[PDB]
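Enquirer: Provided hereafter are the protein sequence and its experimental coordinates.
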Amino acid sequence: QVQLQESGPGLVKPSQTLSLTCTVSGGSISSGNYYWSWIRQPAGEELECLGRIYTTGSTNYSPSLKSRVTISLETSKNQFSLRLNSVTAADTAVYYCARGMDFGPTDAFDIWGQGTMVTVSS
Amino acid sequence: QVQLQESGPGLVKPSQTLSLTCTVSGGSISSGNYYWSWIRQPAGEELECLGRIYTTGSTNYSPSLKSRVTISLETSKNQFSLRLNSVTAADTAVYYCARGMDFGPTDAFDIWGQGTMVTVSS
Amino acid sequence: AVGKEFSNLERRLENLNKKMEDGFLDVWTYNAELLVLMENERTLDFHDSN
Amino acid sequence: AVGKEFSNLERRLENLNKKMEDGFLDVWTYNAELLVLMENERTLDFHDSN
Amino acid sequence: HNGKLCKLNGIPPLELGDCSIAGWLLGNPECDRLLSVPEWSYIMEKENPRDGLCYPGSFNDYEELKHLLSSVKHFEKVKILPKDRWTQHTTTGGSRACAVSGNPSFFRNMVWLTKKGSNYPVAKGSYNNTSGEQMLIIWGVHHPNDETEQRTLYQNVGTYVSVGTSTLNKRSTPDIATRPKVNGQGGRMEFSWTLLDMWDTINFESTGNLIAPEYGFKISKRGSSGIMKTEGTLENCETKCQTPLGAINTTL
Amino acid sequence: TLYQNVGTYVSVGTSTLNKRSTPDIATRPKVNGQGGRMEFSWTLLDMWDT
Amino acid sequence: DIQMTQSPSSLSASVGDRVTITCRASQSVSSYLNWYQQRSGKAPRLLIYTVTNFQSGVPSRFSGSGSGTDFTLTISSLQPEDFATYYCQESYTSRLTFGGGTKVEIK
Amino acid sequence: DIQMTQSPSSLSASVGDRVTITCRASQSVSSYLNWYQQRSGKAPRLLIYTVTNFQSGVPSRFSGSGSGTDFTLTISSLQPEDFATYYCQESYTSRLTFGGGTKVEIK
Ligand SMILES: *[C@@H]1O[C@H](CO[C@@H]2O[C@@H](C)[C@@H](O)[C@@H](O)[C@@H]2O)[C@@H](O[C@@H]2O[C@H](CO)[C@@H](O[C@@H]3O[C@H](CO)[C@@H](O)[C@H](O)[C@@H]3O)[C@H](O)[C@H]2NC(C)=O)[C@H](O)[C@H]1NC(C)=O
Ligand SMILES: *[C@@H]1O[C@H](CO[C@@H]2O[C@@H](C)[C@@H](O)[C@@H](O)[C@@H]2O)[C@@H](O[C@@H]2O[C@H](CO)[C@@H](O[C@@H]3O[C@H](CO)[C@@H](O)[C@H](O)[C@@H]3O)[C@H](O)[C@H]2NC(C)=O)[C@H](O)[C@H]1NC(C)=O
Ligand SMILES: *[C@@H]1O[C@H](CO)[C@@H](O[C@@H]2O[C@H](CO)[C@@H](O)[C@H](O)[C@H]2NC(C)=O)[C@H](O)[C@H]1NC(C)=O
């Protein structure tokens, strides 16, 4: 059984860089037809896709975030990470690590991590 | 399950011929990657290989015995036999029938019979 | 229709197709050139004897 | 490179390779012998007419 | 003709002597004098060679490989999967069929993977071909003639061997059955081969019965030639055309 | 995820065709983003055949 | 880009009641609509991965239906375990967006 | 030909004790060393068929280890069933010889 474990919580100041690392266990991040993503959930709001990285290294980022967010793949450690530049107060949210299934007919988030809270404030 | 059953015990005189027959049951002696051997155990001593016969008819005999010992294969009866010429008192021992596994990486005596005691004396 | 499609595990067969093409090509090239040369000598001799 | 390796289940193919070789061989042998004979007659006639 | 076997256009033949192509590439214990691998323009092989497969078996698409190799003016033997990487498997097996000086041995360029401890963890490995040129990879499957043999060597019975690349998709299972003994063995090894292109990855997976390569061969010349069957040896001479009876140096 | 069953097969036939195959589930290099492969086969169905 | 609508925003129900949640696409997404069950304080869990196809471990009471633009998630008999916010997601497009989320409340 | 050495010639132990038996080859035999358990009055039984690989029916407490010239047979926890003479055999050579035999005695 594959598990996704996010790095711990914290507080950053505006204009700082948010940095969260997801450790994947139970298999290799380069193994199957999968992609990894980070999903954000401001308390009380809808789940938002921040972006995705494919097992092959290809990436896609959401329009409101793409000028600020980078997602990368580290095969040697089975890790993924989220880097969000120029953070603001509006980016306070729970950040989840998720494993999507890239099967032609089926596209869904199968495995979710627990979610790490990140607060951005003065 | 394959079993090896030796012929009964006895006493022979010096310069006589020792003759033991092993009946193989549970499969054919010409069937797999196996060889048969006779192992001797003088009471209180180490197990000694007397010689081997392969399922294909090839034979190998130990240096101290080869001028005296013959091992043969009888397919029609599923039997093997040990013939030791010119016996002496020193040949008193338990004689075991054994089935060795001739698998490339594995070479061991898998099935043992019960052992037949042969005494050589005046 | 000259030229056949072969897979990468058919090289020993592709090579025979190649050999027929090269084989017939040498036969026709050699014969065509000697036919022309033989005929041209016969042609000129024909005209001179006429 | 003349001569190809075929398995024992490819005899119907080995036989085609054989046929091209025998086929081209008869073509070249027949043509080579007639080329020599035709040229030798032309050669001797050439010298006598000269 | 000359009566001599010569170098063709300045490049010598591969001289296998008493070995077959499979013997040479697999590493028959008796073909260790062929490791000189000089650049070659044709292959010289004794007809009906002796030093072929020491362990009885077959080789798939063997004729196609024999054809391929005549073009390979030169190989570099590359250690793709060091045998000490399979830390959970026994990599020290062999057979009396391939024995040297009375002791069991095996093909020198391959690893017979068997069970360690009480099991056979799925054996996996791969190579990304960063060698700079296309490689020839040979591997095979062992077919026991008994259930006892299958369990004794591999633990698992319903096993398979799976190999693939961006173009190759091959899976096979062992055939356990009674067969006549050849060279003392009722078992058979089946070998297969592929060409891994540059920057492509070959992936091996097995639950048993896998003979994994330790080495592959880098093919860097890409010409065209054949195999000459003859009992002679190479002389220090050169030709333009070579026959099995000796070289021809003519303009006719 | 896609087919529910694992020990699956595909079987196709006609009065002359008798073909059965099973999927090969294994790790493969990704091509065009996918580690999966599709294998296609073809036949000719004659008139009035099923 | 395709806009999602999901309703009711909330609905209460008793244990044993039939519960239906409606998800609508502004444009057809074929069969590429999945569903999730989020419990407060926890990451969302996948229930349905394509319309009608449920994930292993998901109770048989969860049955998806629909096509193109109009989809439904039906809980045949609501359990104490189902008081969750349900979300639908359209994976047809490059932006894998989620609907508003429907809260099932205890009556 | 390769000469075998095995030691201790005997060793006593209590039930539940860890027991190790050492077998040494005068020349490397690779992994081709097997082990047998002989009970007095009975034919030897195979325990280990290659180093570390045990025979079906052999308790998991019997664990082989080692390589080349130095091998060990370990009984993780000695049972009343194990008071036997243990032998090692080198099958690398044409003469399939046995070691001296180690007697496990009751303490
Ligand atoms: C197998 O290996 C190749 C080559 O990898 C490279 O060379 C080896 C000899 C080692 O030194 C490696 O450490 C080294 O990375 C891998 O292909 C390479 O992938 C990288 C991306 O990770 C490519 O870089 C990009 O290339 C594009 C142009 O196409 C640029 O626009 C980008 O800015 C960036 O430079 C690199 O070009 C590519 N090289 C080749 C020859 O294809 C390959 O991925 C690897 N296979 C596996 C399964 O890992
Ligand atoms: C596949 O279809 C063929 C043809 O069926 C006919 O034509 C289609 C276009 C449709 O309009 C069908 O509704 C129509 O039946 C089937 O073959 C036909 O089978 C019938 C018997 O059921 C034959 O009729 C008989 O023919 C003999 C001569 O051979 C006469 O002596 C009899 O009195 C009677 O007329 C008919 O000739 C035959 N047609 C052809 C072209 O073979 C076929 O059975 C069907 N396959 C399956 C599996 O159902
Ligand atoms: C092929 O044969 C020809 C003719 O014998 C060789 O060319 C010449 O041979 C004569 C002797 O008959 C020498 O004196 C000349 O010096 C040779 N010519 C040259 C340019 O060296 C030719 O060398 C032979 N080729 C091979 C590869 O053996």
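Expert: Looks like it came in fine. Numbering: from 1, shown residues only, chains lettered A, B, ... in the order given. Ligands and ions are numbered 1, 2, ... in the order given.
Enquirer: how close does the most centrally placed residue in chain C get to chain E?
Expert: The centroid of chain C falls nearest to residue C:28 when counting by CA atoms, centre = their mean (2.2 Å). Per CB to the nearest CB, to the nearest Å, residue C:28 is found 21 Å from chain E. For every residue, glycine as well, the C-beta is placed using N, CA and C.
Enquirer: backbone dihedrals for that residue, please?
Expert: phi -70, psi -30 (degrees, to the nearest 10).
Enquirer: and it, what does it touch?
Expert: Residue C:28 makes contact with no residue under the criterion CB atoms under 8 Å, 6 or more residues apart in numbering or on different chains.
Enquirer: residue in the stretch 51-200 of chain E nearest to chain G?
Expert: In the stretch 51-200 of chain E, the residue that lies nearest chain G is residue E:122 (22.8 Å; CB to the nearest CB).
Enquirer: count of neighbours near the closest residue to that residue other than its chain neighbours?
Expert: Leaving out its chain neighbours, the residue that sits closest to residue E:122 by CB to CB, 6 or more residues apart in numbering or on different chains is residue E:207, at 5.7 Å. When neighbours are defined as other CB atoms under 10 Å in any protein chain shown, residue E:207 has 19 of them.
Enquirer: surely residue E:207 meets residue E:120?
Expert: Yes. Residue E:207 is within contact range of residue E:120, at 6.8 Å (criterion: CB atoms under 8 Å).
Enquirer: find residues that contact each of these two.
Expert: Common neighbours of residue E:207 and residue E:120, using CB under 8 Å, 6+ apart, are E:154, E:156.
Enquirer: doesn't residue C:30 lie inside a helix?
Expert: Yes. The assignment for residue C:30 (DSSP: H, G, I helix; E, B strand; the rest coil) places it in a helix.
Enquirer: for chain A, what's the nearest residue on chain C?
Expert: Closest point on chain C to chain A, by CB to the nearest CB, is residue C:8, at 25.3 Å.
Enquirer: please name the residues that touch that residue.
Expert: By CB under 8 Å, 6+ apart, residue C:8 has no neighbours at all.
Enquirer: distance of it from residue E:52?
Expert: Counting by CB to CB, to the nearest Å, the gap from residue C:8 to residue E:52 is 26 Å.
Enquirer: and residue 65, how many residues sit next to it?
Expert: As the question left the chain open, I've gone with chain A. Per other CB under 10 Å, the neighbour tally for residue A:65 reads 18.
Enquirer: um, chain E though
Expert: Number of residues near residue E:65 (other CB under 10 Å) recorded here: 21.
Enquirer: next one: residue E:138
Expert: Other residues lying near residue E:138 total 22 when counted by other CB under 10 Å.
Enquirer: from residue E:18, how far off is it?
Expert: Taking CB to CB, one finds residue E:138 at 20 Å from residue E:18.
Enquirer: swap in residue C:34?
Expert: 47 Å.
Enquirer: okay, these two: which has more neighbours?
Expert: Between residue C:34 and residue E:18, counted using other CB under 10 Å, residue E:18 has the larger neighbour count: 18 against 14.
Enquirer: which residue ranges of the chain form strands?
Expert: With no chain named, the answer covers chain A. Counting by DSSP state E, one finds strands in chain A at the ranges A:3-6, A:10-12, A:18-25, A:34-41, A:48-54, A:59-61, A:69-74, A:79-84, A:93-103, A:106-112, A:116-120.
Enquirer: ah, no, chain G please
Expert: Going by DSSP E, chain G shows strands at G:4-7, G:10-13, G:19-25, G:33-38, G:45-50, G:53-54, G:62-67, G:70-75, G:85-90, G:97-98, G:102-106.
Enquirer: dump those into a markdown table; add distance to residue E:240 as well.
Expert: As requested, these are exported to a markdown table (distance: least, CB to CB, whole Å):
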| stretch | distance to residue E:240 |
| --- | --- |
| strand G:4-7 | 77 |
| strand G:10-13 | 92 |
| strand G:19-25 | 75 |
| strand G:33-38 | 71 |
| strand G:45-50 | 68 |
| strand G:53-54 | 70 |
| strand G:62-67 | 74 |
| strand G:70-75 | 77 |
| strand G:85-90 | 72 |
| strand G:97-98 | 73 |
| strand G:102-106 | 85 |
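Enquirer: element containing the residue in chain C that ligand 3 sits nearest to, please.
Expert: Among the residues of chain C, residue C:26 lies closest to ligand 3, at 23.3 Å counting by CB to the nearest ligand atom. Take DSSP states H and E as the rule and residue C:26 turns out to sit in helix C:11-49.
Enquirer: identify each buried residue in that helix, please.
Expert: C:12-13, C:15-16, C:19, C:23 (16 or more other CB atoms under 10 Å in any protein chain shown).
Enquirer: in a markdown table: those, plus distance to residue G:59.
Expert: Output for the buried residues of helix C:11-49, formatted as a markdown table (distance: CB to CB, whole Å):
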| residue | distance to residue G:59 |
| --- | --- |
| C:12 | 60 |
| C:13 | 59 |
| C:15 | 64 |
| C:16 | 65 |
| C:19 | 69 |
| C:23 | 74 |
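Enquirer: which residues touch the residue of chain G found nearest chain F?
Expert: Nearest to chain F, among the residues of chain G, is residue G:49, at 6.6 Å (CB to the nearest CB). Residue G:49 makes contacts with A:101, A:106, A:108, A:110, F:1, G:34, G:55, as judged by CB under 8 Å, 6+ apart.
Enquirer: go again using 6 Å as the cut-off
Expert: Going by CB atoms under 6 Å, 6 or more residues apart in numbering or on different chains, residue G:49 touches A:106, A:108, G:34, G:55.
Enquirer: angles on the backbone of the closest residue to residue C:11 other than its chain neighbours, please.
Expert: Closest residue to residue C:11 apart from its sequence neighbours, by CB to CB, 6+ apart: residue E:67 at 5.8 Å. Residue E:67 adopts backbone torsions of phi -70, psi -50, taken as degrees, to the nearest 10.
Enquirer: distance of residue E:67 relative to chain H?
Expert: Computed as CB to the nearest CB, the residue E:67 to chain H distance reads 38 Å.
Enquirer: one more: residue A:12?
Expert: Residue A:12 is 53 Å from chain H, by CB to the nearest CB.
Enquirer: all set, thanks.
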